[PDB]
Number of protein chains: 2
Amino acid sequence: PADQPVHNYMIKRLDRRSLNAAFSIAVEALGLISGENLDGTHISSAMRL
Amino acid sequence: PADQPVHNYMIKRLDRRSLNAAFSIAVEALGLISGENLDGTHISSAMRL
């Protein structure tokens with residue numbers, strides 16, 4: 001006896017991943033970039049840069 | 001010689017062969033196909049397609 005055509009159904013699922021990357025800031029840069037330690041001193045501008 | 005064996009016409013006879021296939025269809029299909037188990041709702045006119 002012959003064979004009827006066959007049909008197939010299949011589901012598949014994802015996988016979960018991430019990518020981590022740390023990035024730090026010193027205690028003094030937090031002052032300089034913020035804007036508290038800057039004042040009318042040409043040195044402070046250089047350190048800000 | 002003037003005899004019988006002058007045959008140079010061996011015979012070739014046909015043989016019959018065939019092919020088959022199976023094409024089953026479900027019971028709920030032809031119901032909608034022939035419009036027998038059908039109603040005016042948008043749903044039954046979608047399953048028919």
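Residues numbered from 1 in each chain as written, not as in the entry; some residues may be left out. Chains lettered and ligands numbered in written order. Part of a larger assembly, values for the part shown. Heavy atoms only, no water.

Determination of this PDB entry was carried out by cryo-EM to a resolution of 4.43 Å, according to the record.

Participant: Help me get a handle on the overall build of chain A, residues and values and all.
Facilitator: Per the secondary structure count, chain A includes two helices and zero strands. Overall, chain A is about 95 × 15 × 15 Å in size when its C-alpha atoms are taken along their principal axes. Every one of the 49 residues in chain A was classed for burial, and the buried ones make up 6%. When the accessible surface of chain A is summed, it comes to about 5700 Å², and 58% of that surface belongs to carbon and sulfur atoms. (Helix = DSSP H or I, 4+ residues; strand = E, 2+ residues; numbered from the N terminus. Buried < 20%, exposed > 50% of the residue type's maximum accessible area, 1.4 Å probe, protein only. Areas by Shrake-Rupley, 256 points an atom, 1.4 Å probe, with all protein chains shown as cover.)

Participant: Report on the pattern of salt bridges, specifying residues and quantitative values.
Facilitator: Residues and elements named next belong to chain A. One pass over the structure, following the stated rule, counts one salt bridge over all chains. Ionic pairing is found between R17 and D15, a salt bridge with its closest N-O pair at 3.7 Å. Accessibility expressed as a relative area gives 55% for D15, which makes it exposed. (Salt bridge = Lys/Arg side-chain N within 4 Å of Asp/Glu carboxyl O.)

Participant: Before we move on, could you go through the side chain of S44(A) and cite the residues and values that matter?
Facilitator: Residues and elements named next belong to chain A. Among the secondary structure elements, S44 is positioned in helix α2 (residues 42-48). By relative accessible area, which is 11% here, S44 ends up buried. The residues contacting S44, other than those within four sequence positions of it, are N37, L38 and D39. (Contact = heavy atoms within 4.5 Å.)

Participant: A description of the interface of chain B and chain A should follow, citing residues and the corresponding values.
Facilitator: Tallying the contact residues gives four residues for chain B and four residues for chain A. Around 260 Å² of area is buried between chain B and chain A when both sides are counted, 72% of it from carbon and sulfur atoms. One can count zero residue pairs in polar contact joining chain B with chain A. Considered class by class, the residues forming the side of chain B that touches chain A number two nonpolar, two polar and no charged. (Buried area = accessible area lost by both parts, 1.4 Å probe. Polar contact = N/O pair within 3.5 Å; in protein donor to acceptor, adjacent residues only side chain to side chain. Nonpolar A, V, L, I, M, F, W, Y, C, P; charged D, E, K, R; others polar.)

Participant: Go over a nonpolar patch on the surface with me, naming the residues and quoting the values.
Facilitator: Among the surface-exposed residues, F23(A), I25(A), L30(A) and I33(A) lie close enough to one another that they form a single nonpolar patch of about 520 Å² accessible area. Relative to the helices and strands, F23(A) resides in the segment before α1 (29-34). (Patch = residues over 30% accessible without salt bridge, like charges linked within 9 Å, V, L, I, M, F, W, Y side chains within 5 Å.)

Participant: Any details on the environment of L38(B)? Residues and values, ideally.
Facilitator: Residues and elements named next belong to chain B. For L38, the location among the structural elements is in the loop between α1 (27-33) and α2 (44-47). A relative accessible area of 37% places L38 in the partly exposed class. Here the alpha-carbon distance between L38 and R48, two residues 10 residues apart in the chain, equals 8.8 Å.

Participant: Tell me about the environment of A2(A), and name the residues and values.
Facilitator: As for its placement among the helices and strands, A2(A) is situated in the segment before α1. Not counting residues up to four positions away in its chain, the partners in contact with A2(A) are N20(B), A21(B) and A22(B).

Participant: Now, about the side chain of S44(B): what can you tell me, with residues and values included?
Facilitator: All names here are of chain B. In terms of polar contacts, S44 uses its side chain to reach the backbone carbonyl oxygen of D39, at 2.6 Å. Engagement of the side chain of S44 in a polar contact is seen with the backbone oxygen of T41, the distance being 3.2 Å. Sequence-distant contacts of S44, defined by excluding residues within four places in its chain, comprise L38 and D39.

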